[PDB]
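Written below as structure tokens is the structure these notes are about.
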There are 4 protein chains.
Amino acid sequence: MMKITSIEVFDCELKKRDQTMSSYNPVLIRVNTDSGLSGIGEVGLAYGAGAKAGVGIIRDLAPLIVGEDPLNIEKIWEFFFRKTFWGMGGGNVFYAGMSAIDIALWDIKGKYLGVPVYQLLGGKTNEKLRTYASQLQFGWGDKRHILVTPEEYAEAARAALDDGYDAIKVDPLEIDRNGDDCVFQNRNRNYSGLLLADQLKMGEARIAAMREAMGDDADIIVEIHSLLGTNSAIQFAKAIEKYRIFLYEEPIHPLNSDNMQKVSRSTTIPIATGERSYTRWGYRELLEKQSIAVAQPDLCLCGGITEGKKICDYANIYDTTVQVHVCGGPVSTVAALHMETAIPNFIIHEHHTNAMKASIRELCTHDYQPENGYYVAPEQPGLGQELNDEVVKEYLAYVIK
Amino acid sequence: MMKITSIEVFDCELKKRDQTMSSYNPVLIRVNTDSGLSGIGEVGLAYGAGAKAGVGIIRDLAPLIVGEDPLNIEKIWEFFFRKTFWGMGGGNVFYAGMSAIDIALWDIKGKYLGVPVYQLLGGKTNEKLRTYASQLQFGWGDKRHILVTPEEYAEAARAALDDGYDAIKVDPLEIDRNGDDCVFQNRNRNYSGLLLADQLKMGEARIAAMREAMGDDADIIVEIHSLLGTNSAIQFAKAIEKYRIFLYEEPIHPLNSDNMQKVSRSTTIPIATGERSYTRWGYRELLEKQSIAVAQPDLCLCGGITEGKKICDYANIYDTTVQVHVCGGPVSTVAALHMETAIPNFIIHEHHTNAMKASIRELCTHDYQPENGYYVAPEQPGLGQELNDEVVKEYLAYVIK
Amino acid sequence: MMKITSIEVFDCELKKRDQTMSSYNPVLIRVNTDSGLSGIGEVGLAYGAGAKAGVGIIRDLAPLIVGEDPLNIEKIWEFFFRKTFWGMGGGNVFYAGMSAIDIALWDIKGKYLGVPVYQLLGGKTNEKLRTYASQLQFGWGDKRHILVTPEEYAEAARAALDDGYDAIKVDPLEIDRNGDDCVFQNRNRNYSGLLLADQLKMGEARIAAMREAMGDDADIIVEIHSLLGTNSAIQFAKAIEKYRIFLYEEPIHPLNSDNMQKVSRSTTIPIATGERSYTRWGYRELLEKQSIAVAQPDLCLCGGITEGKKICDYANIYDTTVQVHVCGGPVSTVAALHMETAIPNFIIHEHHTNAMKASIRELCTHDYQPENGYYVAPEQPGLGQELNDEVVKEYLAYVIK
Amino acid sequence: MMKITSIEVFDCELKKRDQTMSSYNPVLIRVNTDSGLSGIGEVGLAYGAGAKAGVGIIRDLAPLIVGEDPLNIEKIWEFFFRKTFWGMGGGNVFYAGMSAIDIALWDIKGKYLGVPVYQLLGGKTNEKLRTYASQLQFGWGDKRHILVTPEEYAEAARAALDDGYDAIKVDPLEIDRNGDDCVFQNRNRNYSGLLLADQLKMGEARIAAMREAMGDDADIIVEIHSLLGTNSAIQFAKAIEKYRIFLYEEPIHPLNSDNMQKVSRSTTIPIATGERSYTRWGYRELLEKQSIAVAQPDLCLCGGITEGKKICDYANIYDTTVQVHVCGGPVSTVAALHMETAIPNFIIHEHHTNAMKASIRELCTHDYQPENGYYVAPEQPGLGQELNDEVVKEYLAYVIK
Ligand SMILES: [Mg+2]
Ligand SMILES: [Mg+2]
Ligand SMILES: [Mg+2]
Ligand SMILES: [Mg+2]
């Protein structure tokens with residue numbers, strides 16, 4: 001019945017509207033059909049080096065589905081995987097392109113069938129979703145800032161708890177002594193080997209101050225952003241084990257799965273990873289080797305809602321539970337909410353400190369925010385979001401038709 | 001001393017100048033310095049879905065090295081790997097971006113030191129490079145089109161041998177009975193399970209015709225483009241073993257390394273793969289599991305000349321030899337020539353049936369072609385290639401500065 | 001262009017000039033060409049039983065390259081590995097001979113192209129190199145003698161920290177209660193089974209006093225010289241874990257790689273080894289079994305600069321960082337400096353307590369010493385050293401031509 | 001009561017007395033005592049690059065045992081292993097030094113106790129020793145030269161059979177079409193990857209001609225000299241399986257033990273190796289991985305008679321039988337004979353094609369040769385050999401005292 005007619009790509013250079021958001025660049029899409037139904041998706045490359053590559057991949061993929069039936073979601077996914085060459089040897093950019101399209105197709109399918117996406121994923125398994133305040137090294141607040149001292153870290157923790165959260169995530173090593181950012185700047189390159197006394201102390205003092213301010217019951221997730229190597233990851237874990245750490249996220253990159261297993265066998269802190277792992281194939285070795293307690297696929301990278309569901313289902317057989325990685329526009333948030341509502345192995349939801357920024361919220365028509373440390377799913381047909389056209393018109397980059 | 005001043009990106013939509021090359025789109029770069037020395041690179045996404053993403057990644061990566069010293073090649077490489085977020089969770093597009101820049105930096109360094117790149121890679125190890133005629137399902141020489149019948153395959157084989165080659169590569173399953181292309185069209189989807197009788201016979205009859213036309217001594221490489229799955233790959237290998245097959249290329253994709261090992265253990269034909277494997281980390285499980293005889297990294301995808309050399313050095317300890325994957329512009333060709341000249345574990349060089357096309361050759365100022373089945377290295381400083389400005393001006397897409 | 005014309009071998013029997021240096025016997029070489037460019041190298045057998053074998057292996061290897069083009073460094077390396085019989089079943093002596101030659105060729109190539117060796121290895125990755133004060137069981141500074149009591153070890157530690165180091169290495173079990181040396185004398189043979197109470201107390205008391213003298217921040221590397229066996233290596237590690245040990249070096253010999261793995265799994269102190277491990281092939285089992293945090297190839301043993309770099313590149317994929325082993329003449333020091341400057345996985349640099357000895361220094365024309373705990377690379381073309389002909393004339397043992 | 005007084009080292013440059021033996025250079029020692037008893041030994045580096053290194057290692061090791069009691073053979077061995085630094089990371093040269101001294105000490109102990117060495121090794125287990133004619137690529141008997149054509153190979157085979165041998169060994173790939181020698185010349189470098197058709201035919205034609213000339217009952221050992229890599233080793237084995245091959249020797253080098261296992265699992269021809277494998281530690285991974293049917297330690301390399309016996313005893317538990325590697329002077333021959341007479345897991349004895357050369361035989365006072373394809377042990381006290389001082393005075397290089 002329906003056919004895809006066009007795909008709009010939005011290159012959301014947020015610096016155009018808010019200079020505090022200088023680096024951040026969500027990439028959003030809208031898939032239109034000849035029935036009048038449209039669906040929105042997101043390419044999960046809003047931070048780091050990749051936004052322009054993300055726009056480009058939609059230009060490479062979208063032409064293949066113009067004129068095609070949007071309802072054959074498995075077929076479309078499999079075509080991208082099998083018949084594009086790169087589908088069988090992809091990566092963050094290629095799978096992100098597949099993801100954005102997949103999400104927009106689920107949106108269309110939900111609207112067509114008149115139900116929220118979680119209904120098509122298996123129904124309302126989880127009525128409310130425990131949520132954590134994410135990345136407190138950038139503070140907890142409306143704007144806030146790069147935090148350096150343990151007291152500043154403790155204050156962000158107190159602010160998260162006052163806001164109703166009973167779980168927080170922090171990278172205690174990302175920010176160096178001078179307030180520089182080791183994720184994106186050439187600082188503390190020795191992190192990949194072994195930590196120096198001062199660095200160990202810097203990270204531990206921040207965690208220690210946060211635990212003290214939070215009390216014992218609230219949970220702390222320690223994020224590492226793959227800054228450490230196998231040996232420093234273990235060295236640091238042993239320093240922070242005394243603080244009862246809930247999860248250890250991305251203690252090393254996922255490119256060597258045997259090293260990930262080694263880290264997991266070497267600390268009592270359960271390991272989380274997944275934002276930089278894509279497709280069921282990207283999880284096979286992590287799961288088989290029993291290296292992770294929590295999988296963190298980004299639905300805007302891992303292959304979308306179709307593949308994301310499959311990742312969750314697979315993780316379940318290894319007792320691996322799921323926290324969707326969410327750090328982008330409002331589309332990533334609703335995709336995650338529908339997924340986490342339906343899956344039986346949901347553990348916790350990530351609410352990023354930037355998700356409250358006006359320049360991010362204004363990209364879409366609805367605001368979905370946690371209340372008292374919990375999220376609920378949207379209830380309208382499809383994803384329950386639309387692009388805010390008054391804003392996104394400034395960001396329109398390409399229309400594929 | 002020197003600083004990078006700008007990076008030009010060329011989106012080589014060949015269809016603008018030659019309609020017959022419609023779905024081929026090399027992506028080239030030029031890195032310019034304040035000394036007047038320039039270097040050229042290539043993003044290895046000339047086919048499949050990815051050219052526009054490849055243009056985009058250069059826009060994402062290039063701004064990070066404007067103003068920087070081009071001579072610190074290991075440092076620039078490591079910074080892209082470590083400090084961009086996605087470098088540690090990359091893929092074909094991200095590592096292609098890194099590759100192009102790296103190749104351009106080697107070009108600069110060679111010109112700066114007054115010697116060809118092979119000298120910087122360890123000197124002249126191989127004086128001449130045995131070369132094969134690549135992808136004969138698309139014909140050789142005069143008759144350039146999709147081949148279907150066994151006699152058409154035998155004719156292409158004779159033509160390659162007439163052209164002085166003593167080795168060919170063919171995918172005998174890519175083209176179906178009707179002349180449709182299974183790599184890029186939804187045809188023969190059952191390929192990934194088990195082959196039907198007609199398909200097995202189709203493939204084997206083409207190989208039979210070619211062996212018969214070539215005599216027993218010339219080598220046949222069977223390319224599969226990852227079209228088969230574990231079970232059908234083993235199935236077909238058994239049907240073609242009798243023809244004395246030199247290598248079996250990409251019998252399945254590389255996303256499940258345990259399946260690759262199983263294929264390797266189930267056929268006597270040695271396995272080759274690597275065009276969809278990136279960086280040392282992408283080879284670790286293939287080599288450790290002793291799954292491949294020959295590695296085929298593409299220097300325009302795998303992380304460039306710096307990482308390519310490292311992959312070759314690594315392969316060597318497993319008795320794995322190297323044929324660089326070459327299927328793009330003239331930049332990929334010279335990058336490969338220098339690599340293969342320097343490495344001790346070189347096996348054979350790939351000469352693609354398209355590398356003789358006018359619209360590819362005109363991209364660069366020099367023509368380097370094999371003679372009597374052998375290649376030799378360029379001898380000028382750097383890569384020994386320049387872009388043909390008269391042509392590439394039509395393709396200039398972005399200038400980063 | 002050029003041909004190798006002659007190779008000089010210097011049997012540097014230091015006792016001929018300095019009776020205090022009696023055991024020590026650096027072996028140096030100079031490779032001369034018909035262009036007037038010469039390069040120097042070193043065979044890394046200055047201590048233990050091996051110096052005269054080291055002179056001999058150059059007599060065996062050098063004739064093979066007289067008249068050959070020195071720039072083909074990979075080709076020369078591969079020839080020695082492949083076509084001498086013993087290259088494929090070598091060991092400390094054979095690979096040491098290859099090493100010396102390889103280092104001299106890098107010197108030549110740097111000179112010819114007019115740049116320091118680090119530029120040919122990939123550029124200036126590390127602008128300065130953190131350095132440790134090495135082998136404090138023989139004192140530091142004013143006191144140049146065999147240390148016995150915990151208080152003496154504490155005094156050495158203070159001296160090093162006063163000299164501006166923030167890291168030290170000590171072997172706390174090498175010297176017995178009577179001041180005898182278990183590395184070279186038949187004492188404490190029970191070390192390779194299980195330690196006796198007094199021995200355990202002896203070692204731990206020395207570490208305890210050093211940690212107390214140093215404060216908590218400075219790093220301690222514990223050197224074992226392969227004196228312990230698997231079971232005593234673990235037993236001692238558990239006794240010294242409480243002092244926060246940075247690395248545990250050569251806890252056992254590397255001849256049984258499974259035992260090395262077992263030691264690494266049985267202590268939380270990260271393992272370093274590599275001075276008695278040669279070529280890529282000598283690290284394969286160490287790396288694959290994930291047994292080492294730090295690789296310590298000696299560039300004058302492991303196969304030279306060409307093979308050393310490949311070892312560092314390989315190490316990196318297992319998050320193994322590099323401290324080159326340096327305990328010889330000034331040639332070893334500069335080869336290490338160039339290597340450590342270029343590699344992204346450098347961790348720390350070894351400065352031996354004997355490196356300031358007049359009889360070692362006078363072998364060469366320049367001095368390169370650390371300052372405030374840091375080394376920088378030479379900046380001259382090639383290695384940045386020449387032989388001091390007024391001294392080495394008396395060590396000249398052979399001229400191969 | 002006895003003490004070692006001196007150690008003479010003989011650098012047997014046979015070219016001084018015989019130009020046809022041009023490069024071949026046995027290295028012999030004699031260990032003298034204050035009791036007037038002396039023992040002789042050999043450093044196993046007579047061919048390839050290493051004889052001068054072999055002379056040097058005796059100069060390094062011998063001083064350590066002057067004044068010591070020769071009878072403590074395990075103690076001396078263990079001291080060289082443990083207290084020399086390099087003993088715990090040695091290789092062919094270092095362990096050859098140990099070996100020569102060890103063999104000399106067994107000679108002494110046998111003379112002291114009035115019995116042949118085989119008595120001290122466990123008595124007369126094997127009364128006669130099946131012997132094969134070794135290295136027929138260099139002809140046999142009347143026609144001693146480099147063989148190229150299959151007819152030449154068949155003729156050497158007949159000659160050996162007419163000489164009373166029922167087993168032969170040949171390397172069918174060492175000599176190229178032009179009579180060049182791939183073991184010591186840069187020829188057929190592609191051997192380490194995959195064989196070309198011509199090379200496969202060349203090798204198989206030579207084996208085919210020998211089998212046809214020999215009949216079906218006589219055994220053929222195929223020697224490869226580690227010239228092949230894992231992939232070509234398997235490729236070649238498949239082509240010659242039809243000729244009923246007794247053993248496949250050194251199909252690849254022993255530096256990657258996982259590759260050796262792979263080769264062993266991929267051909268039905270039983271594998272032999274060991275001449276480039278030293279000490280018990282050098283056989284551990286070969287044995288544990290069940291990669292070898294026959295172990296071939298050289299007693300003049302592997303650690304001598306003490307360690308050789310331990311290697312034989314270890315091999316036994318894996319059903320691995322022993323052929324001692326013998327290609328040196330007459331001392332190597334008698335050490336082998338004694339060992340093989342005593343061990344229960346002897347399989348076959350190697351009789352080298354140059355064993356009857358005048359310049360080889362004249363080094364020693366006795367001549368032990370096979371008859372009708374069988375060797376027997378010497379029956380004199382000790383090894384049953386003395387040096388021929390009239391000849392070896394011309395070769396004396398050093399006397400350590
Ligand atoms: Mg994260
Ligand atoms: Mg291919
Ligand atoms: Mg050491
Ligand atoms: Mg042999």
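To find a chain, count down the sequence lines: A is the first, B the second, and so on, and within it residues start at 1. The analysis underlying the following values was restricted to heavy atoms, covering all of them including side chains, and did not include hydrogens, waters or symmetry mates.
- Note: D:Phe184 and C:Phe85 have tilted aromatic rings, judged against thresholds of 30 and 60 degrees for the angle between ring planes.
- Under the side chain to side chain donor-acceptor pair (under 3.5 Å) criterion, B:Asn126 pairs with D:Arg189, sequence neighbours left out.
- Using a distance-only test at 3.5 Å, with no hydrogens or angles considered, a donor-acceptor pair links the side chain of D:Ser232 to the main chain of D:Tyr191.
- Here the side chain of B:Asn345 pairs a donor or acceptor atom with the backbone of B:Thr320 at under 3.5 angstrom.
- At a cut-off of 3.5 Å, with distance as the only test, a side-chain donor of D:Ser134 or D:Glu350 sits close to an acceptor on the other residue.
- For D:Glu371 and D:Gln369, the side-chain atoms include no donor-acceptor pair closer than 3.5 Å.
- Smallest separation of non-hydrogen atoms from B:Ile348 and B:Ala167: CD1-CB, 3.8 Å.
- Separating the OH atom in D:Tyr24 from the SG atom in D:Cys327 is a distance of 4.0 Å, to the nearest 0.5 Å.
- When atom types are taken as modelled, the side chain of D:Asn178 and the backbone of D:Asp180 share no donor-acceptor pair closer than 3.5 angstrom.
- One finds a salt bridge joining D:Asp313 and D:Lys309 here, because a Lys/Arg side-chain nitrogen approaches an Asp/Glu carboxylate oxygen to under 4.0 Å.
- Put simply, the side chain of D:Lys262 gets close to the backbone of B:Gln290: a donor and an acceptor are under 3.5 Å apart.
- When the shell of 6.0 Å around NZ of B:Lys128 is examined, it contains 12 or fewer heavy atoms from other residues, nucleotides or ligands.
- The shortest side-chain heavy-atom distance between D:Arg206 and D:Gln137 does not fall under the 4.5 Å cut-off.
- Under a cutoff of 6.0 Å and an axis angle of 45°, B:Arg130 and B:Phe246 form a cation-pi pair.
- Distance check: C:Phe81 CZ to C:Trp281 CH2 gives 3.5 Å after rounding to the nearest 0.5 Å.
- A donor-acceptor contact shorter than 3.5 Å links the side chain of D:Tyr283 to the backbone of D:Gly274.
- With a 4.5 Å cut-off on side-chain heavy atoms, D:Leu136 and D:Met210 count as touching.
- Minimum heavy-atom separation, D:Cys182 to C:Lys83: O-NZ, 2.8 Å.
- Of all heavy-atom pairs between D:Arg211 and D:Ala218, the closest is NH1-O, 2.8 Å.
- Summarising the geometry of D:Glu152 relative to D:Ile146, their closest heavy-atom pair is OE2-O, 4.4 Å, with the distance given to 0.1 Å.
- The closest side-chain heavy-atom distance from D:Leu161 to D:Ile168 is below 4.5 Å.
- In this structure, B:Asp162 places its CG atom where more than 12 heavy-atom neighbours from other residues, nucleotides or ligands lie under 6.0 Å away.
- With sequence neighbours excluded, the residues forming a salt bridge (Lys or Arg N to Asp or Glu O under 4.0 Å) with B:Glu223 are B:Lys169, listed by chain and number.
- Between the side chains of B:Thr268 and D:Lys238, no donor-acceptor pair of N or O atoms lies under 3.5 Å.
- With no hydrogens or angles considered, a side-chain donor-acceptor pair links D:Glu241 and D:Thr267 at under 3.5 Å.
- Between atom CZ of residue C:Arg82 and atom NZ of residue C:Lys75 there is a gap of 15.0 Å, rounded to the nearest 0.5 Å.
- Enclosure of atom NZ in B:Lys201 is not indicated, since only 12 or fewer non-hydrogen atoms of other residues, nucleotides or ligands lie within 6.0 angstrom.
- Scanning for ring-ring contact (aromatic ring centres under 6.0 Å, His included) contacts around B:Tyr374 gives an empty result, with sequence neighbours left out.
- Under a 3.5 Å cut-off, the side chain of D:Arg144 and the backbone N or O of D:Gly141 do form a donor-acceptor pair.
- In this structure, the separation between CG on D:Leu196 and CG on D:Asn190 is 4.5 Å, given to the nearest 0.5 Å.
- Not one N or O on the side chain of D:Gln135 forms a donor-acceptor pair closer than 3.5 Å with the backbone of D:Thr353.
- Residues D:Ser359 and D:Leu363 approach most closely at O-CG, 3.5 Å, considering heavy atoms.
- Across all non-hydrogen atoms, the minimal contact from B:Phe236 to B:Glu204 is CE1-N, 3.9 Å.
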Just do the ring-ring contact (aromatic ring centres under 6.0 Å, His included) check on C:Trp86 and C:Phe80 with the steps written out, would you? CA-CA 8 Å; C:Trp86 307 110; C:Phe80 287 148; over 10 Å; no

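- Defined by atom type and a distance below 3.5 Å, a donor-acceptor pair is missing between the side-chain atoms of D:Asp176 and D:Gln185.
- For the pair D:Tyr318 (side chain) and D:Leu286 (backbone), a donor-acceptor distance under 3.5 Å is absent.
- With rounding to the nearest 0.5 angstrom, the CD1 atom of B:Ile207 is 13.5 Å from the CD atom of B:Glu212.
- The backbone N or O of B:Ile317 sits less than 3.5 Å from a side-chain atom of D:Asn256, completing a donor-acceptor pair.
- Heavy atoms from other residues, nucleotides or ligands lying under 6.0 Å from NZ of D:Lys143 number 12 at most.
- Two residues are said to be in side-chain contact when any heavy atoms from C-beta on lie closer than 4.5 Å; D:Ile271 and D:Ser291 fail this criterion.
- Of the possible donor and acceptor atoms, one in the side chain of D:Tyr368 sits under 3.5 Å from a partner among the backbone N and O of D:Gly384.
- Looking at D:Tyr375 and D:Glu340, their side chains never bring a donor and an acceptor atom within 3.5 Å of each other.
- Going from atom OH of D:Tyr243 over to atom CD1 of D:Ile269 covers 11.5 Å, rounded to the nearest 0.5 Å.
- Remark: D:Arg276 does not engage D:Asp298 in a salt bridge, criterion side-chain N to carboxylate O under 4.0 Å.
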B:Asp216/B:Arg244 under side-chain contact (heavy atoms from CB on, under 4.5 Å): CA gap, chis, key distance, verdict: CA-CA 8 Å; B:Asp216 289 339; B:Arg244 201 191 65 79; 5.6 Å; no

